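J.:
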Amino acid sequence: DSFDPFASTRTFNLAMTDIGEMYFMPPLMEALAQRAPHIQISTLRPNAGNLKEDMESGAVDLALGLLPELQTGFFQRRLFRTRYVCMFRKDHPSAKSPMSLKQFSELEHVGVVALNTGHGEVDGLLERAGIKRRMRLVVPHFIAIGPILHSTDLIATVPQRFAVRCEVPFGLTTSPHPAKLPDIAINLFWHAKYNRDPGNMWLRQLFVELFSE
Amino acid sequence: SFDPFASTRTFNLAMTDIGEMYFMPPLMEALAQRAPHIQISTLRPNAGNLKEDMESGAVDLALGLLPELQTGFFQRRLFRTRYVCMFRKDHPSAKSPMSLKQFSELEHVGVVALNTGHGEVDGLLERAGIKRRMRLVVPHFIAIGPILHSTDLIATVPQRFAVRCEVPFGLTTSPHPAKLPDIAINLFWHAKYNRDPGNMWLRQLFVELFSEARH
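As given, the protein sequences belong to chains C and S, one line each in that order.
This note's numbering applies: residue 7 is where the first sequence begins, and numbers increase by one.
This note's numbering applies: residue 226 is where the second sequence begins, and numbers increase by one.
#1: When the cut-off is 8 Å and only beta carbons count, does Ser111 (chain C) lie next to chain S?
#2: In terms of residues, what are the limits of the alpha helix (DSSP H) holding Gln295 (chain S)?
#3: Checking 8 Å against the spacing of the C-beta atoms, do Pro184 (chain C) and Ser106 (chain C) come in under that value?
#4: Which partner residues does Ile355 (chain S) have in the DSSP bridge list?
#5: Taking the continuous alpha helix (DSSP H) assigned at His374 (chain S), which residues delimit it?
#6: Which residue's Cα is closest to the Cα of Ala101 (chain C): C:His125, C:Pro33, C:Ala162, C:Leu143?
#7: Given that a residue counts as buried once 16 or more other Cβ atoms are within 10 Å of its Cβ, and exposed if not, what is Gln384 (chain S)?
#8: Could you give the DSSP three-state label for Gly395 (chain S): helix, strand or coil?
#9: Taking only the alpha-carbon atoms, compute the straight-line gap between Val334 (chain S) and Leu70 (chain C) and give it to the nearest angstrom.
#10: For chain D, find out if any of its Cβ atoms is closer than 8 Å to the Cβ of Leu178 (chain C); answer yes or no.
#11: Could you run through the stretch 348-359 of chain S and flag, in chain order, every residue whose CB is less than 7 Å away from some CB of chain C?
#12: Taking contact to mean 3 or more Cβ pairs, one atom from each stretch, closer than 8 Å, check whether the stretch 285-302 of chain S and the stretch 419-437 of chain S are in contact.
#13: The beta strand (DSSP E) with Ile190 (chain C) in it runs from where to where?
#14: For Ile265 (chain S), collect the residues of the same chain with a Cβ closer than 6 Å to its Cβ; drop the 5 residues on either side in sequence, then sort them by chain order.
#15: What residue ranges within the stretch 228-283 of chain S form continuous alpha helix (DSSP H) runs of no fewer than 4 residues, ordered along the chain?
#16: Please name the residue, chosen from S:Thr341, S:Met246, S:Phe230, that lies closest to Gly370 (chain S) on a Cα-to-Cα basis.
#17: Does the Cβ-Cβ distance between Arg305 (chain S) and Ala416 (chain S) come in under 8 Å?
#18: Say whether chain S places a C-beta atom closer than 8 Å to the C-beta of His147 (chain C).
#19: For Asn411 (chain S), count neighbouring C-beta atoms within 10 Å of its own C-beta (all shown protein chains included) and say buried if the count is 16 or more, exposed if not.
#20: List the residues that DSSP assigns as beta-bridge partners of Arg142 (chain C).
#21: Just list the residues that DSSP pairs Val334 (chain S) with in beta bridges.
#22: According to DSSP, is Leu209 (chain C) part of a helix, a strand, or is it coil?
#23: At what residues does the beta strand (DSSP E) containing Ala319 (chain S) begin and finish?
#24: What does the Cβ neighbour count give for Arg358 (chain S), buried or exposed, with the cut at 16 atoms within 10 Å?
#25: Quick one: using the 10 Å Cβ neighbour count with 16 as the cut-off for buried, is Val309 (chain S) buried or exposed?
#26: Going along the chain, which residues of its own chain have a beta-carbon closer than 6 Å to the beta-carbon of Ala120 (chain C), five neighbours each way excluded?
#27: Give me the residue from S:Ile243, S:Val336, S:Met279, S:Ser232 with the minimum Cα distance to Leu256 (chain S).
#28: Under 8 Å, Cβ to Cβ, is there at least one residue of chain C near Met249 (chain S)?
#29: So the candidates are S:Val382, S:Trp414, S:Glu433, S:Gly423; which of them puts its Cα closest to the Cα of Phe298 (chain S)?
#30: Within 10 angstroms of the Cβ of residue 444 (chain S), are there 16 or more other Cβ atoms? Answer buried if so, exposed if not.
#31: Assign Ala403 (chain S) to one of three DSSP states: helix, strand, or coil.
#32: Determine the DSSP secondary structure at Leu303 (chain S), reduced to helix, strand or coil.
#33: Examine chain C for any beta-carbon lying closer than 8 Å to the beta-carbon of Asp242 (chain S), and answer yes or no.
#34: Go to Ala69 (chain C), then tell me how far its beta strand (DSSP E) extends in each direction, as first and last residue.
#35: Relative to the C-alpha of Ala239 (chain S), which residue among S:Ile263, S:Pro251, S:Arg259, S:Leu294 is closest?
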């Protein structure tokens, strides 16, 4: 086909995690305002069936995150790797940075289940490393984290990006995590069929320009 | 009997993402003094089979619209919330109260919000013949604040959600230019546990904290 961002009115469909939405969308829409102001963007969670078939059909253009299932017929590219960080409200009575493992186990925690994303492991990685945490609140997803941490003496274990997005708006501070946790690798997946498609290419290159390290 | 100051029970609460964002901070803040040894865990209403889970006792309370819960379920109105138009405060052109004209002229973020009272909006507007430049459509509300803060987009969003996001993201709101209905936000619990001291107490706390009935 052909592609002119100035004029293009095409709809792009992006699969991403909720945090992925929170992190990618604002600087992307900000960029798209000056680069392709007439195209449309719609996001969806990866779980919603069926990612392989939909990406193969063209219903979904790109996908971002761990998404380990996509292998054959899929090009991928790593935008960045992110570390886990301990985050809490700045005026916290006792929390300190860098935080000791002892204090970590002593304090009370909010847990994000984060089922079927790479961030679901943490609550188990800590358990298998023999680190007791007082789980005062357990929520499925990350949306309520900032608000909760701001109004309580709770602490949370979140990826560094979620921390940076929330630090200023909710008066939160962070701390290098007291527990040896792995990094998460964040990739950009696109189907091999559309590897040469000008539009898909352009949007890809934009994602790389914006987010890659 | 049930003693909050001593109890170490886990309570399970079914609620939407916005519901989480709104109910959870002032609740945990309150529980810090009243019952500092209990545990709370939340979940979306769609996950699992909610009636069976609530009847079995896996889920204690559920908050929202939830028209599915009719029989064997007692409900209690916590409040009524109205739709509001939100955007960043330093917006080049957006004004409050916002004119319907300007609303149709500006660009929008849509939250699909499937299986919610909030899902209807995108349709209610269409059937009222109101065109919108849907620049970005997202499934849920999590990315809204950040997006609005960084772009000249505007969004149709529930009153309380707006209240949560105004201060952190430097957002202003506006009475919605379109005639939209109010959503009724209720507290549901199963009839089996209507007399259960713990469940009763937690209900009473939810009423004390969030009910606007008397005033």
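Beta carbons: idealized from backbone N, C-alpha and C, even for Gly.
T.: Reading from the atomic positions:
#1: Along the first sequence, read from residue 1 onward, the residue named residue 111 (chain C) stands at position 105. It does not: the Cβ of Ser111 (chain C) has no partner Cβ on chain S nearer than 8 Å.
#2: Translated into positions along the second sequence, residue 295 (chain S) becomes position 70. Note, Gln295 (chain S): premise wrong, no alpha helix (DSSP H); not H, not E.
#3: Taking the first sequence and counting its residues from 1, the one referred to as residue 184 (chain C) is at position 178. Taking the first sequence and counting its residues from 1, the one referred to as residue 106 (chain C) is at position 100. Against a cut-off of 8 Å, the Cβ pair of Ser106 (chain C) and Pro184 (chain C) comes out as a contact.
#4: Reading the second sequence from its first residue, position 130 is the one you call residue 355 (chain S). DSSP lists no partner for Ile355 (chain S).
#5: What you label residue 374 (chain S) is simply residue 149 of the second sequence in a count that begins at 1. Note, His374 (chain S): alpha helix (DSSP H), 369-375.
#6: Against the first sequence, residue 101 (chain C) aligns to sequence position 95. It is C:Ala162.
#7: Residue mapping note: residue 384 (chain S) aligns to position 159 of the second sequence, counting from 1. Under this definition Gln384 (chain S) is a buried residue.
#8: The sequence position of residue 395 (chain S) within the second sequence is 170, counting from 1. Coil at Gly395 (chain S), not helix or strand.
#9: Translated into positions along the second sequence, residue 334 (chain S) becomes position 109. Translated into positions along the first sequence, residue 70 (chain C) becomes position 64. Distance between the alpha carbons of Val334 (chain S) and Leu70 (chain C): 20 Å.
#10: Among the chains of the structure shown, chain D does not appear; the protein chains present are C and S.
#11: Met359
#12: yes
#13: Locating residue 190 (chain C) in the first sequence gives position 184, where the first residue counts as 1. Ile190 (chain C) -> beta strand (DSSP E) spans 190-197.
#14: Taking the second sequence and counting its residues from 1, the one referred to as residue 265 (chain S) is at position 40. Excluding residues within five positions, the ones whose Cβ falls inside 6 Å are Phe236.
#15: 242-259, 275-281
#16: Here residue 370 (chain S) corresponds to residue number 145 of the second sequence, with the count starting at 1. If we check each option's Cα against that of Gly370 (chain S), S:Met246 comes out closest.
#17: The sequence position of residue 305 (chain S) within the second sequence is 80, counting from 1. The sequence position of residue 416 (chain S) within the second sequence is 191, counting from 1. No, Cβ-Cβ distance for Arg305 (chain S) and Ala416 (chain S) is not below 8 Å.
#18: Taking the first sequence and counting its residues from 1, one reaches residue 147 (chain C) at position 141. Chain S contact via Cβ: present.
#19: As a working mapping, residue 411 (chain S) is identified with position 186 in the second sequence. The residue is buried, with at least 16 neighbouring Cβ atoms inside 10 Å.
#20: Taking the first sequence and counting its residues from 1, one reaches residue 142 (chain C) at position 136. None, per the DSSP bridge assignment.
#21: Residue 334 (chain S) sits at position 109 when you count from the first residue of the second sequence. In DSSP, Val334 (chain S) forms a bridge with S:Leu361, S:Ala380.
#22: To locate residue 209 (chain C), count along the first sequence from 1; it is residue 203. In this structure, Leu209 (chain C) counts as helix in the three-state DSSP scheme.
#23: Within the second sequence, the letter at position 94 stands for residue 319 (chain S). First-last for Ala319 (chain S): undefined, no H or E at that position.
#24: The sequence position of residue 358 (chain S) within the second sequence is 133, counting from 1. That one is exposed.
#25: Here the question's residue 309 (chain S) lines up with position 84 in the second sequence. Its Cβ being crowded by 16 or more others within 10 Å, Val309 (chain S) is buried.
#26: Taking the first sequence and counting its residues from 1, the one referred to as residue 120 (chain C) is at position 114. Excluding positions up to five away in sequence, the list reads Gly126.
#27: In the second sequence, residue 256 (chain S) corresponds to position 31, counting from 1. If we check each option's Cα against that of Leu256 (chain S), S:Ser232 comes out closest.
#28: Translated into positions along the second sequence, residue 249 (chain S) becomes position 24. Yes, its Cβ sits closer than 8 Å to a Cβ of chain C.
#29: Translated into the one-based positions of the second sequence, residue 298 (chain S) becomes position 73. The shortest Cα separation from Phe298 (chain S) among S:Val382, S:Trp414, S:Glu433, S:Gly423 belongs to S:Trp414.
#30: The requested residue 444 (chain S) is not part of the displayed model; chain S covers only 226 to 440.
#31: As a working note, residue 403 (chain S) is residue 178 in the second sequence. Residue state, collapsed to three classes: coil.
#32: For the purposes of this step, residue 303 (chain S) is taken as residue 78 along the second sequence, with counting starting at 1. Strand at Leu303 (chain S).
#33: On the second sequence, position 17 is the one that residue 242 (chain S) refers to. At least one chain C Cβ lies under 8 Å of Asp242 (chain S).
#34: Residue mapping note: residue 69 (chain C) aligns to position 63 of the first sequence, counting from 1. Residues 68-71.
#35: For the purposes of this step, residue 239 (chain S) is identified with residue 14 of the second sequence, where counting begins at 1. Residue S:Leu294 is the option with its Cα nearest to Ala239 (chain S).
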